[PDB]
Protein chains: 4
Amino acid sequence: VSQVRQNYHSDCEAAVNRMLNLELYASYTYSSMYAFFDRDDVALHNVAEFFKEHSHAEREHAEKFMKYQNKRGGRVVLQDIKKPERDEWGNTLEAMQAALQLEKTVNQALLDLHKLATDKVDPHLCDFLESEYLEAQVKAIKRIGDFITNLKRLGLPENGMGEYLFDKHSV
Amino acid sequence: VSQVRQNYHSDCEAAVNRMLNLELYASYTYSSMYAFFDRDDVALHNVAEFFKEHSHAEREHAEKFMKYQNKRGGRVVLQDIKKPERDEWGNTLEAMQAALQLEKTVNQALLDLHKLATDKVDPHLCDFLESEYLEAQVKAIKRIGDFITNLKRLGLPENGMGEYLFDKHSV
Amino acid sequence: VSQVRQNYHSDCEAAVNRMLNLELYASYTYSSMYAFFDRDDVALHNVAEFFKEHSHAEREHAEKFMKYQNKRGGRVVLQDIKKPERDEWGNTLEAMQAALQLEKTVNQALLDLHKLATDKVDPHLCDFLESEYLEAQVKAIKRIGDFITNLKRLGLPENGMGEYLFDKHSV
Amino acid sequence: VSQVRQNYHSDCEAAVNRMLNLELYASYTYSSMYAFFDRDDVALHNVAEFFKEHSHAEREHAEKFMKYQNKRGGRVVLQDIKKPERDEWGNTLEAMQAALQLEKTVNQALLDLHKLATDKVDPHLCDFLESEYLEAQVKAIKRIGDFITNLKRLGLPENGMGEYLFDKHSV
Ligand SMILES: [Cl-]
Ligand SMILES: [Cl-]
Ligand SMILES: [Cl-]
Ligand SMILES: [Cl-]
Ligand SMILES: [Cl-]
Ligand SMILES: [Cl-]
Ligand SMILES: [Cl-]
Ligand SMILES: [Cl-]
Ligand SMILES: [Cl-]
Ligand SMILES: [Cl-]
Ligand SMILES: [Cl-]
Ligand SMILES: [Cl-]
Ligand SMILES: [Cl-]
Ligand SMILES: [Cl-]
Ligand SMILES: [Cl-]
Ligand SMILES: [Cl-]
Ligand SMILES: [Cl-]
Ligand SMILES: [Cl-]
Ligand SMILES: [Cl-]
Ligand SMILES: [Cl-]
Ligand SMILES: [Cl-]
Ligand SMILES: [Cl-]
Ligand SMILES: [Cl-]
Ligand SMILES: [Cl-]
Ligand SMILES: [Cl-]
Ligand SMILES: [Cl-]
Ligand SMILES: [Cl-]
Ligand SMILES: [Cl-]
Ligand SMILES: [Cl-]
Ligand SMILES: [Cl-]
Ligand SMILES: [Cl-]
Ligand SMILES: [Cl-]
Ligand SMILES: [Cl-]
Ligand SMILES: [Cl-]
Ligand SMILES: [Cl-]
Ligand SMILES: [Cl-]
Ligand SMILES: [Cl-]
Ligand SMILES: [Cl-]
Ligand SMILES: [Cl-]
Ligand SMILES: [Cl-]
Ligand SMILES: [Cl-]
Ligand SMILES: [Cl-]
Ligand SMILES: [Cl-]
Ligand SMILES: [Cl-]
Ligand SMILES: [Cl-]
Ligand SMILES: [Cl-]
Ligand SMILES: [Cl-]
Ligand SMILES: [Cl-]
Ligand SMILES: [Fe+2]
Ligand SMILES: [Fe+2]
Ligand SMILES: [Fe+2]
Ligand SMILES: [Fe+2]
Ligand SMILES: [Fe+2]
Ligand SMILES: [Fe+2]
Ligand SMILES: [Fe+2]
Ligand SMILES: [Fe+2]
Ligand SMILES: [Mg+2]
Ligand SMILES: [Mg+2]
Ligand SMILES: [Mg+2]
Ligand SMILES: [Mg+2]
Ligand SMILES: [Mg+2]
Ligand SMILES: [Mg+2]
Ligand SMILES: [Mg+2]
Ligand SMILES: [Mg+2]
Ligand SMILES: [Mg+2]
Ligand SMILES: [Mg+2]
Ligand SMILES: [Mg+2]
Ligand SMILES: [Mg+2]
Ligand SMILES: [Mg+2]
Ligand SMILES: [Mg+2]
Ligand SMILES: [Mg+2]
Ligand SMILES: [Mg+2]
Ligand SMILES: [Mg+2]
Ligand SMILES: [Mg+2]
Ligand SMILES: [Mg+2]
Ligand SMILES: [Mg+2]
Ligand SMILES: [Mg+2]
Ligand SMILES: [Mg+2]
Ligand SMILES: [Mg+2]
Ligand SMILES: [Mg+2]
Ligand SMILES: [Mg+2]
Ligand SMILES: [Mg+2]
Ligand SMILES: [Mg+2]
């Protein structure tokens with residue numbers, strides 16, 4: 001047992017490792033979206049940069065779980081980072097729809113971890129999730145939803161002019 | 001009788017209280033429009049902010065009548081602030097049309113109060129309306145009319161691209 | 001269903017709308033207290049300004065619930081803002097006593113909403129209340145209680161000199 | 001006839017001369033109040049300074065009517081400035097009560113001049129009164145009324161401690 005460990009259930013330690021992996025998975029998916037929008041036959045550079053920045057943020061989310069694990073006396077256990085679900089992302093609307101789903105998947109995992117922490121009577125882990133993750137998730141989901149609404153208003157997927165306008169004025 | 005009261009008719013005092021209520025009603029209507037345009041399925045944030053700012057201005061208009069009432073020795077009497085006429089505002093054109101009508105309703109009440117003040121030979125109240133309210137109303141009405149003209153030119157309500165363009169370049 | 005909605009119970013959405021209304025009600029009550037203390041026959045301007053500022057803060061509390069509702073994918077539903085309980089507020093002690101009661105009423109509604117959020121397993125809503133509302137309420141209640149104690153020490157309601165001194169040195 | 005004169009009735013010209021005299025009379029009354037509160041056996045120096053400043057403001061009001069008269073092509077006609085009604089002013093409450101009455105007398109004369117200007121269809125004179133005099137009068141009356149309310153709360157005339165406190169914290 002780690003000399004620092006106190007009130008930290010094995011189940012929570014394991015679930016933190018799984019959550020770390022999911023953050024890394026999300027990072028990698030956003031990196032793929034960046035690369036897609038940077039293609040010469042896609043060429044929506046502000047959209048590409050949005051996804052590149054999102055990829056970096058998800059890596060920071062992962063690193064914060066690594067630090068957390070060690071602060072509590074748990075032990076970081078890494079698994080493979082699975083490649084993203086798609087190799088190509090269609091267009092800005094399809095990518096944003098996939099991003100919304102990804103953010104909701106991550107949010108559900110965070111909510112499930114909060115449930116576990118509650119069950120194991122771990123207020124420090126509850127606070128960490130509430131203070132560092134849950135509101136950031138709600139904000140990200142709202143932003144992407146707002147984007148999807150605008151992409152639909154702009155006539156995506158068919159309206160290429162609309163797609164151009166979005167990249168030039170929304171991101 | 002208030003020790004400060006001079007040349008202030010009871011009818012004018014009552015009409016100032018009614019006008020205060022109408023300013024608060026206008027504020028509340030604009031708050032509703034703000035909340036509508038901030039919805040994830042509407043997502044026109046510059047339009048939302050325009051209405052939020054308008055809501056704050058109407059509250060200032062109300063507060064200025066409260067201060068006026070007390071300066072003249074009248075007594076502020078508050079009534080319920082009725083909820084807005086609609087719960088949802090359709091789109092930018094419908095909302096701007098409702099805002100135009102609201103501003104004209106407020107303007108008519110101000111003009112009617114000026115008529116009353118004239119009838120009761122109250123030049124201080126006439127001056128207050130002319131110096132603090134009537135020109136602001138004319139300016140607001142003109143601005144909203146100009147917006148409606150542009151929204152129609154942009155093909156509202158059907159043209160979603162036009163609606164997007166308005167939010168990005170007119171507000 | 002809103003595309004952003006996740007883990008947000010209908011009961012919580014409705015209770016947020018009711019809480020929004022109560023914040024607006026509190027704002028309006030403080031506006032009435034402002035207007036009372038600004039009367040020429042009351043004339044306690046620092047007290048009036050305290051209540052005017054409190055009125056503005058309550059409006060901000062309401063606006064933050066509107067924003068919250070939309071972030072979660074709920075839909076803002078407005079109701080009439082009821083006029084305050086009194087048209088005149090007696091004196092500084094009576095007004096502060098009413099303010100204490102109002103703040104405790106608002107606090108109880110916030111605590112009840114936290115209970116509901118807990119029952120529905122909504123940690124984001126719990127965090128929002130804890131981080132943005134509950135401590136502000138405790139602070140406001142303590143401040144007003146401290147004022148009441150001082151007003152009683154100063155001999156309110158009978159001691160007009162005491163009332164004058166409070167306005168000049170406590171606010 | 002003056003080469004500049006246009007739409008300026010003889011009655012209005014005469015009434016402007018009478019109004020000028022009344023402003024000078026008000027100045028002189030406030031000078032007397034200054035001198036009273038500066039007496040070694042009265043010794044309320046902040047009150048004295050309030051009245052001295054008011055005396056200077058009334059002289060400015062008079063000078064503005066002189067300038068107005070000449071701008072319209074009327075001819076300034078001066079009369080004696082009558083000495084104030086009292087040689088001694090009792091105490092701060094009595095003086096403020098006399099000041100309130102004086103300001104209301106001046107206000108009534110301004111309102112009567114506005115009536116005359118209206119009757120003679122002189123919008124320039126109406127504007128001058130509304131823009132330069134009537135609101136200043138309402139503000140001054142409100143300020144003095146507020147002071148009287150506070151002096152009564154402080155137990156004037158009997159409560160010398162209250163009178164001291166007013167001079168140290170209200171002016
Ligand atoms: Cl442990
Ligand atoms: Cl424990
Ligand atoms: Cl364990
Ligand atoms: Cl593990
Ligand atoms: Cl894993
Ligand atoms: Cl694996
Ligand atoms: Cl693919
Ligand atoms: Cl997903
Ligand atoms: Cl879990
Ligand atoms: Cl967060
Ligand atoms: Cl936000
Ligand atoms: Cl289209
Ligand atoms: Cl009157
Ligand atoms: Cl009159
Ligand atoms: Cl009347
Ligand atoms: Cl009324
Ligand atoms: Cl009303
Ligand atoms: Cl009503
Ligand atoms: Cl509706
Ligand atoms: Cl209307
Ligand atoms: Cl009217
Ligand atoms: Cl104006
Ligand atoms: Cl203009
Ligand atoms: Cl069109
Ligand atoms: Cl849900
Ligand atoms: Cl859940
Ligand atoms: Cl539900
Ligand atoms: Cl509801
Ligand atoms: Cl309600
Ligand atoms: Cl209701
Ligand atoms: Cl009452
Ligand atoms: Cl209450
Ligand atoms: Cl509740
Ligand atoms: Cl708080
Ligand atoms: Cl504190
Ligand atoms: Cl006492
Ligand atoms: Cl002439
Ligand atoms: Cl003419
Ligand atoms: Cl003539
Ligand atoms: Cl003359
Ligand atoms: Cl004369
Ligand atoms: Cl004479
Ligand atoms: Cl005398
Ligand atoms: Cl007089
Ligand atoms: Cl006259
Ligand atoms: Cl003025
Ligand atoms: Cl003022
Ligand atoms: Cl006393
Ligand atoms: Fe993340
Ligand atoms: Fe994310
Ligand atoms: Fe207004
Ligand atoms: Fe308006
Ligand atoms: Fe509040
Ligand atoms: Fe409050
Ligand atoms: Fe004057
Ligand atoms: Fe004066
Ligand atoms: Mg060891
Ligand atoms: Mg273990
Ligand atoms: Mg996993
Ligand atoms: Mg594989
Ligand atoms: Mg917390
Ligand atoms: Mg937070
Ligand atoms: Mg946004
Ligand atoms: Mg009275
Ligand atoms: Mg009446
Ligand atoms: Mg009405
Ligand atoms: Mg109704
Ligand atoms: Mg103007
Ligand atoms: Mg313009
Ligand atoms: Mg939908
Ligand atoms: Mg529902
Ligand atoms: Mg309620
Ligand atoms: Mg009622
Ligand atoms: Mg908790
Ligand atoms: Mg806090
Ligand atoms: Mg304190
Ligand atoms: Mg000549
Ligand atoms: Mg003549
Ligand atoms: Mg005279
Ligand atoms: Mg004489
Ligand atoms: Mg006029
Ligand atoms: Mg003016
Ligand atoms: Mg004042």
# chains A, B, ... in the order shown; residues from 1 in each chain; ligands from 1
>>> residues_around(residues="residue 2 of chain C", least_positions_apart="4", cutoff="10 Å", atoms="only C-alpha atoms", output="ChimeraX atom specification")
/A:145 /B:39-41 /C:6,70,72-75
>>> residues_near_ligand(ligand="ligand 46", cutoff="6 Å", atoms="only C-alpha atoms and all ligand atoms", output="count of residues only")
7
>>> residues_near_ligand(ligand="ligand 71", cutoff="9 Å", atoms="only C-alpha atoms and all ligand atoms", output="list in words")
residues 9, 10, 11, 12, 13, 14, 74 and 75 of chain C
>>> write_last_selection(atoms="C-alpha atoms", output="compact mmCIF listing (two decimals), in the first residue's frame")
# COMPACT_ATOMS: atom_id res chain seq x y z
CA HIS C 9 -34.05 15.54 -15.56
CA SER C 10 -37.27 17.31 -16.55
CA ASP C 11 -37.95 18.01 -12.87
CA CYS C 12 -34.62 19.80 -12.51
CA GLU C 13 -35.27 21.82 -15.68
CA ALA C 14 -38.63 22.95 -14.26
CA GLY C 74 -33.38 22.82 -21.03
CA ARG C 75 -35.78 25.52 -22.17
>>> residues_near_ligand(ligand="ligand 79", cutoff="8 Å", atoms="only C-alpha atoms and all ligand atoms", output="list in words")
residues 18, 19, 21 and 22 of chain D
>>> closest_residue(among="B:83, B:168, B:142, B:61", to="ligand 22", atoms="only C-alpha atoms and all ligand atoms")
B:61
>>> interface_residues(of="chain B", to="chain D", cutoff="12 Å", atoms="only C-alpha atoms", output="PyMOL selection string")
chain B and resi 2-8+67-74+118+120-131
>>> residues_around(residues="residue 34 of chain C", least_positions_apart="6", cutoff="12 Å", atoms="only C-alpha atoms", output="number ranges by chain")
B: 63, 66-67, 70, 76; C: 27-28, 42-56, 87-89, 91-92, 95-96, 99
>>> write_last_selection(atoms="N, CA, C and O atoms", output="compact mmCIF listing (two decimals), in the first residue's frame")
# COMPACT_ATOMS: atom_id res chain seq x y z
N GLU B 63 -35.53 52.46 -14.06
CA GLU B 63 -34.91 53.04 -12.88
C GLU B 63 -34.91 54.57 -12.93
O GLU B 63 -35.10 55.23 -11.90
N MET B 66 -38.19 55.72 -11.69
CA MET B 66 -38.27 55.63 -10.22
C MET B 66 -37.65 56.85 -9.58
O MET B 66 -38.22 57.47 -8.68
N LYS B 67 -36.46 57.20 -10.06
CA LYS B 67 -35.74 58.35 -9.53
C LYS B 67 -36.54 59.64 -9.77
O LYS B 67 -36.63 60.50 -8.90
N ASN B 70 -39.55 60.07 -7.35
CA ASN B 70 -39.11 60.57 -6.05
C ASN B 70 -38.65 62.02 -6.10
O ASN B 70 -38.91 62.78 -5.16
N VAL B 76 -43.51 55.87 -5.85
CA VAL B 76 -43.40 54.69 -6.71
C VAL B 76 -44.37 53.63 -6.22
O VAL B 76 -44.41 53.30 -5.04
N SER C 27 -34.93 40.43 -6.92
CA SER C 27 -34.44 41.67 -7.53
C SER C 27 -35.47 42.79 -7.40
O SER C 27 -35.13 43.93 -7.09
N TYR C 28 -36.72 42.46 -7.71
CA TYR C 28 -37.78 43.45 -7.74
C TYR C 28 -38.07 44.00 -6.34
O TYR C 28 -38.30 45.19 -6.16
N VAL C 42 -37.84 59.85 3.51
CA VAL C 42 -37.06 58.76 4.09
C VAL C 42 -35.59 59.17 4.04
O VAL C 42 -34.95 59.33 5.08
N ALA C 43 -35.05 59.33 2.83
CA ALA C 43 -33.78 60.04 2.63
C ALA C 43 -32.61 59.39 3.37
O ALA C 43 -31.90 60.04 4.15
N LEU C 44 -32.41 58.11 3.10
CA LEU C 44 -31.24 57.38 3.60
C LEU C 44 -30.54 56.83 2.38
O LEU C 44 -30.76 55.70 1.96
N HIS C 45 -29.70 57.67 1.78
CA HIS C 45 -29.21 57.35 0.44
C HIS C 45 -28.21 56.21 0.39
O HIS C 45 -28.18 55.48 -0.60
N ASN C 46 -27.40 56.02 1.43
CA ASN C 46 -26.48 54.88 1.41
C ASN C 46 -27.24 53.56 1.56
O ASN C 46 -26.90 52.57 0.92
N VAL C 47 -28.28 53.56 2.38
CA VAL C 47 -29.16 52.40 2.47
C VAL C 47 -29.85 52.14 1.13
O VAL C 47 -29.91 51.00 0.66
N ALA C 48 -30.35 53.20 0.50
CA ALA C 48 -30.99 53.06 -0.81
C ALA C 48 -30.05 52.41 -1.82
O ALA C 48 -30.44 51.50 -2.55
N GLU C 49 -28.80 52.88 -1.83
CA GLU C 49 -27.81 52.34 -2.77
C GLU C 49 -27.46 50.89 -2.48
O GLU C 49 -27.24 50.11 -3.42
N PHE C 50 -27.40 50.51 -1.21
CA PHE C 50 -27.19 49.12 -0.84
C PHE C 50 -28.26 48.23 -1.48
O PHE C 50 -27.96 47.19 -2.08
N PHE C 51 -29.52 48.65 -1.37
CA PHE C 51 -30.60 47.87 -1.95
C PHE C 51 -30.58 47.90 -3.47
O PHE C 51 -30.85 46.87 -4.10
N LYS C 52 -30.24 49.03 -4.07
CA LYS C 52 -30.13 49.08 -5.53
C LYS C 52 -29.08 48.11 -6.05
O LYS C 52 -29.30 47.38 -7.02
N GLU C 53 -27.93 48.08 -5.38
CA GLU C 53 -26.89 47.14 -5.77
C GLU C 53 -27.33 45.69 -5.60
O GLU C 53 -27.06 44.86 -6.46
N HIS C 54 -27.98 45.46 -4.50
CA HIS C 54 -28.58 44.05 -4.26
C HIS C 54 -29.62 43.60 -5.37
O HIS C 54 -29.63 42.48 -5.90
N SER C 55 -30.36 44.64 -5.81
CA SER C 55 -31.30 44.38 -6.88
C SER C 55 -30.58 43.95 -8.16
O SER C 55 -30.97 42.99 -8.84
N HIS C 56 -29.49 44.63 -8.48
CA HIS C 56 -28.70 44.29 -9.66
C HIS C 56 -28.07 42.91 -9.53
O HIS C 56 -28.08 42.13 -10.48
N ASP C 87 -45.55 47.93 -0.27
CA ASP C 87 -45.31 49.14 -1.03
C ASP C 87 -44.39 50.14 -0.31
O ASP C 87 -43.84 51.04 -0.96
N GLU C 88 -44.29 50.03 1.00
CA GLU C 88 -43.44 50.90 1.83
C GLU C 88 -42.81 50.00 2.89
O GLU C 88 -43.40 49.00 3.28
N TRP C 89 -41.60 50.35 3.32
CA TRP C 89 -40.76 49.42 4.07
C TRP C 89 -40.45 49.89 5.49
O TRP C 89 -39.61 49.28 6.15
N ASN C 91 -38.72 51.43 7.81
CA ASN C 91 -37.45 52.04 8.24
C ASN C 91 -36.35 51.03 7.97
O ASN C 91 -36.61 49.93 7.45
N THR C 92 -35.11 51.41 8.25
CA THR C 92 -33.99 50.56 7.89
C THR C 92 -34.07 49.19 8.56
O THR C 92 -33.71 48.18 7.96
N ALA C 95 -36.80 47.02 6.89
CA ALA C 95 -36.35 46.60 5.56
C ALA C 95 -35.29 45.52 5.65
O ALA C 95 -35.32 44.54 4.89
N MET C 96 -34.33 45.68 6.56
CA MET C 96 -33.30 44.66 6.72
C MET C 96 -33.88 43.34 7.22
O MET C 96 -33.43 42.28 6.79
N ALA C 99 -35.33 41.79 4.22
CA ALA C 99 -34.25 41.31 3.37
C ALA C 99 -33.68 40.00 3.91
O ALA C 99 -33.42 39.07 3.14
>>> residues_near_ligand(ligand="ligand 41", cutoff="10 Å", atoms="only C-alpha atoms and all ligand atoms", output="number ranges by chain")
D: 14-22, 24-25, 77-82
>>> write_last_selection(atoms="N, CA and C atoms", output="CSV table (one decimal), in the first residue's frame")
chain,number,residue,atom,x,y,z
D,14,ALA,N,-39.9,91.9,-19.8
D,14,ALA,CA,-40.1,92.4,-18.5
D,14,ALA,C,-40.0,91.3,-17.4
D,15,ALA,N,-40.7,90.2,-17.7
D,15,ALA,CA,-40.7,89.0,-16.8
D,15,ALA,C,-39.3,88.5,-16.5
D,16,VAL,N,-38.4,88.5,-17.6
D,16,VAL,CA,-37.0,88.1,-17.4
D,16,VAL,C,-36.3,89.0,-16.5
D,17,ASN,N,-36.5,90.3,-16.6
D,17,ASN,CA,-36.0,91.3,-15.6
D,17,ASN,C,-36.4,91.0,-14.2
D,18,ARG,N,-37.7,90.7,-14.0
D,18,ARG,CA,-38.2,90.4,-12.7
D,18,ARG,C,-37.6,89.1,-12.2
D,19,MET,N,-37.4,88.1,-13.0
D,19,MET,CA,-36.8,86.8,-12.6
D,19,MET,C,-35.3,87.0,-12.2
D,20,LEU,N,-34.6,87.9,-12.9
D,20,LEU,CA,-33.2,88.2,-12.6
D,20,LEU,C,-33.1,88.8,-11.2
D,21,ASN,N,-34.0,89.7,-10.9
D,21,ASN,CA,-34.1,90.3,-9.5
D,21,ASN,C,-34.3,89.2,-8.5
D,22,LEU,N,-35.2,88.3,-8.7
D,22,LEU,CA,-35.5,87.2,-7.8
D,22,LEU,C,-34.3,86.3,-7.6
D,24,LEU,N,-31.2,87.2,-7.8
D,24,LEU,CA,-30.3,88.0,-6.9
D,24,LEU,C,-30.8,88.1,-5.5
D,25,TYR,N,-32.1,88.2,-5.3
D,25,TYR,CA,-32.7,88.1,-4.0
D,25,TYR,C,-32.3,86.8,-3.3
D,77,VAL,N,-33.0,95.7,-17.0
D,77,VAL,CA,-33.4,96.7,-16.2
D,77,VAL,C,-33.3,96.2,-14.8
D,78,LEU,N,-32.5,96.8,-13.9
D,78,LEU,CA,-32.2,96.4,-12.6
D,78,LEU,C,-33.1,97.1,-11.6
D,79,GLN,N,-33.4,96.4,-10.5
D,79,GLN,CA,-34.1,97.1,-9.4
D,79,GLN,C,-33.3,96.7,-8.1
D,80,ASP,N,-33.7,97.4,-7.0
D,80,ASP,CA,-33.0,97.1,-5.7
D,80,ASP,C,-33.1,95.6,-5.4
D,81,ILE,N,-32.0,95.1,-4.8
D,81,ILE,CA,-32.0,93.7,-4.3
D,81,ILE,C,-32.5,93.9,-2.8
D,82,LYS,N,-33.7,93.4,-2.5
D,82,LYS,CA,-34.2,93.5,-1.2
D,82,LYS,C,-33.4,92.6,-0.2
>>> residues_around(residues="residue 162 of chain D", least_positions_apart="3", cutoff="10 Å", atoms="only C-alpha atoms", output="list in words")
residues 160, 161, 164 and 165 of chain C; 150, 151, 152, 153, 154, 155, 156, 157, 158, 159, 165, 166, 167 and 168 of chain D
>>> atom_distance(atom1="atom 1 (Cl, counted along the ligand's line) of ligand 44", atom2="atom CA of residue 106 of chain D")
7.7 Å
>>> residues_near_ligand(ligand="ligand 9", cutoff="6 Å", atoms="only C-alpha atoms and all ligand atoms", output="PyMOL selection string")
chain A and resi 15+112-113+116
>>> atom_distance(atom1="atom CA of residue 58 of chain A", atom2="atom CA of residue 37 of chain A")
18.6 Å
>>> atom_distance(atom1="atom CA of residue 102 of chain D", atom2="atom CA of residue 84 of chain D")
10.6 Å
